[PDB]
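*Asks:* Could you have a look at this structure, given as structure tokens, before my questions?
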Amino acid sequence: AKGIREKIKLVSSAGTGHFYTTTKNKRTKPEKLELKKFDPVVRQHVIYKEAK
Amino acid sequence: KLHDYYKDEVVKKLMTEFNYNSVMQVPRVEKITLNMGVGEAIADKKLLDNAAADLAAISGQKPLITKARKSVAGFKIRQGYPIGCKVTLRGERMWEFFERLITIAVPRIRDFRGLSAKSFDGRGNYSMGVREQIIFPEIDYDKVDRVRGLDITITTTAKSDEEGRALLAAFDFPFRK
Amino acid sequence: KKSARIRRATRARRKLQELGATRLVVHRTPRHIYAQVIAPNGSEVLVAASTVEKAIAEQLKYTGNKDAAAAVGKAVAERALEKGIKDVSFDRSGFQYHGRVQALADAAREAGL
Amino acid sequence: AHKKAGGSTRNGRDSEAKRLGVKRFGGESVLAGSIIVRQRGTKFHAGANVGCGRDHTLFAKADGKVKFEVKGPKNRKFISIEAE
RNA sequence: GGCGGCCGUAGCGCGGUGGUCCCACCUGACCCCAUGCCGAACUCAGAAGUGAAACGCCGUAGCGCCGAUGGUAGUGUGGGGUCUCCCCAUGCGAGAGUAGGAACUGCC
RNA sequence: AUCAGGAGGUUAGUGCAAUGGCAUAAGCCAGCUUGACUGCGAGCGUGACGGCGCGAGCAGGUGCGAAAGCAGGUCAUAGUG
């Protein structure tokens, strides 16, 4: 579970969208660099950022 | 110039009196590998500078530094060490450096012999043997520190000792018996 | 099934055979450029024209350039429309982009294919 | 790490395959029959496997691959009812 | 060599013979265009030199694969005996052995 | 150790047990890039029974591609309540 491991669960953040998105991230760099473009149930092509 | 007649003229003549076969196989194109004299040992961090800074005047382009395949064996070898530094390419360049190399500057050294020993025995890759002090028509007489002496190789796909070296003595002299 | 010799050279195309149409092969020689409208089941050539035949009209310059590749495309296609074929796929086995094959295709469309 | 004990194949349970789509009746372009996964090519009735031969028939439908290298994985050429 | 037809016995090895029509090898890289390091690839140009890789023909069947003439074991299916086991009726028939095939066809 | 030549369908390799598949490759090297998208249906598991999975469409729209097309995670079958 939670602690000191590779995989880490964090939700995205389209911004105005209703969030929702599951994407883990191991410790091997890069660190601060979520992902990129995603299409949450809302307006087309909205910002991303799985980081939180 | 004096490089075309070879391979259209003096390739059939040397394949008629002592051959009796087809027109090819003797001798093609394909790049010619030009190696470097082991840089290791000599000195420390440098010399790699007075290298690629002399092997960039006789020909074009610069040498590329490449390491080996990361795989330790039964020898003192660490992961991530620059060994080799080889770069060989062609097209139509390796033709002129077989003219201005063996015509002038030689004879014109300071104590050249003339008689060479049987280099190769059962292959093609001849061999050589040169000294550190050389006089070239493409090198300055007073401004170059530390003389460099590099060998000279030639790759061939021959089958017999003879039927060979009968094309070397067709331009690159001398060679007494 | 195993990959046939033709499949190993990927010169052929099975995806264009699932439709049931014709092809537009573009052969190129360092001297001349050829084009054909072959139909499945062997080498059935309906119409074809060579750059050397372009001289019959009034070609003066060399026949191994791009402008000559476009001239042949218009000829092969013009004869094709006279045959009764409308659609056709481009089949250039082994070649680069923007080359003479693209000029041949662009010429084929200019005629009506 | 490796694998040892000079042995052959590896076993488990019972096969999970069927005989869906005898074919002589209607059939939407989909996997006709089931055995092993991942395979394409056949777009109609193309039952052809080494042996006394094979078949299928009647049903006008664009595409319709097989299961894989099994009951005629080979891809024959078209076939519909008789007059769709 | 060009131009058709049929359109998987043409896998893979091996021998003889011929063409300066055709075709690659070959030769040359000025330029279009292109190689992470190399016009080798890629693309362009000319024809000095061969047929050596091709190709046209034609001779061996090794080995693979596809057909054919000869035959016993093996094997269904249903009654008989017999300690087990074997037998009969009826539908077929291993491997070994003898041969077949190394393209076909029209026109310039 | 590496480099040059020859033989070599492939016994290598392909994350993981085993079989199966593959070489001008689904393997290696390099570069580039990143479809693990949203919505909703039809079908598949003798003989009815859920979650889950998979094969195959449609509607709109992300990524890559010239395009067909390919994704509903890792070639398929264990890694779950």
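Residue names in the structure tokens use chain letters A, B, ... in the order shown, residue numbers from 1 in each chain, and ligand numbers from 1 in the order shown.
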Please run DSSP on the backbone and report, as a ChimeraX atom specification, all residues within chain C that come out as alpha helix (DSSP H).

*Replies:* /C:5-8,54-57,66-83,100-111

*Asks:* Write out as a VMD selection string which residues come within 8 Å of residue 33 in chain A when counting only C-alpha atoms (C1' of nucleotides), dropping same-chain ones fewer than 2 positions away.

*Replies:* chain A and resid 30 to 31 35 49 51

*Asks:* Limited to C-alpha atoms, could you put the picked residues into a file as a PDB file, in the first residue's frame?

*Replies:*
```pdb
ATOM      1  CA  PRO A  30      11.176  12.755 -14.386  1.00  0.00           C
ATOM      2  CA  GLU A  31       9.418  13.737 -11.154  1.00  0.00           C
ATOM      3  CA  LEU A  35       1.515  13.689 -18.326  1.00  0.00           C
ATOM      4  CA  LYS A  49      -1.930  17.469 -14.828  1.00  0.00           C
ATOM      5  CA  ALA A  51       0.059  15.698 -10.320  1.00  0.00           C
TER       6      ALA A  51
END
```

*Asks:* I want to know what sits within 12 Å of residue 5 in chain E, based on only C-alpha atoms (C1' of nucleotides), with residues of the same chain fewer than 3 positions away left out; could you give that as a PyMOL selection string?

*Replies:* (chain C and resi 42-44) or (chain E and resi 104-107)

*Asks:* Mind giving me the straight-line distance from CA of residue 49 in chain C to CA of residue 73 in chain C in Å, one decimal?

*Replies:* 8.2 Å

*Asks:* Quick one: residues within 12 Å of residue 72 in chain F, only C-alpha atoms (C1' of nucleotides) counted, chain neighbours fewer than 4 positions away excluded, as a ChimeraX atom specification?

*Replies:* /F:35-38,53-54

*Asks:* Write out as JSON, numbers by chain each polymer residue whose atoms come within 6 Å of residue 11 in chain A, counting only C-alpha atoms (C1' of nucleotides); drop sequence neighbours fewer than 4 positions from it.

*Replies:* {"A": [21, 22, 50]}

*Asks:* Save out the residues we just selected, N, CA, C and O atoms, as a tab-separated table (two decimals), in the first residue's frame.

*Replies:*
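Generated output (selection_35.tsv):
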```
chain	number	residue	atom	x	y	z
A	21	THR	N	-9.40	10.54	-13.31
A	21	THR	CA	-8.33	9.95	-14.11
A	21	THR	C	-7.36	9.26	-13.16
A	21	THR	O	-6.94	9.85	-12.16
A	22	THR	N	-7.02	8.01	-13.45
A	22	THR	CA	-6.11	7.25	-12.61
A	22	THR	C	-4.81	6.95	-13.35
A	22	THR	O	-4.81	6.24	-14.36
A	50	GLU	N	-1.85	15.24	-13.88
A	50	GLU	CA	-2.21	14.17	-12.96
A	50	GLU	C	-1.61	14.46	-11.59
A	50	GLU	O	-2.06	13.92	-10.58
```
